[PDB]
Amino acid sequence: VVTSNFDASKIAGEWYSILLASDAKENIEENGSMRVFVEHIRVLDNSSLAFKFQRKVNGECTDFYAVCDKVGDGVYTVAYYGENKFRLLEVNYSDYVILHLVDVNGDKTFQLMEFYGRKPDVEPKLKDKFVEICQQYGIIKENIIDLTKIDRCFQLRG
């Protein structure tokens, strides 16, 4: 695990969305804007990270792109359904990543925790590792979704 300062060439590549939590479960539910399934991360020449992910819109699996600009060591900013600012808490370039994001629209804000894996699934130990981390941020256990149990739009990948 790399808690402190990271690299980026080593976070690039293909990832799978595994767990997703939000103190506003409304955003990550079917039809939720933040119900994304990440695919690949590319580090651009300007140090920004180009994210490619799928979400199911109107019953159809969709492709989305977003460039996140570096604002801090391990921190980025993205415009998507508002202004987003997320921080990478833990990164094992080989296995997974867990990040914290906050979305803002005017005076309305909400929280989001994500767990990506180099593979489609991780061991049920990290699962709990994530639950704990959410517990301590205000994201109730009933607000944590396991994406492996639903359609993660794999056809679009590649």
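Residue indices: 1-based, along the sequence shown.
- The mean Cα B-factor in the deposited entry runs higher for 126 to 134 than for the other of 126 to 134 and 57 to 65.
- Here the stretch with the larger average CA B-factor, out of 88 to 96 and 31 to 39, is 88 to 96.
- In the deposited entry, the Cα temperature factor of residue 114 places it in the lowest third of its chain's modelled residues.
- Remark: residue 148 belongs to the middle third of its chain, ranked by C-alpha B-factor as recorded.
- Annotation for residue 49: C-alpha temperature factor in the middle third relative to the rest of the modelled chain, per the entry.
- When the modelled residues of the chain are ordered by their C-alpha B factor, residue 17 lands in the lowest third.
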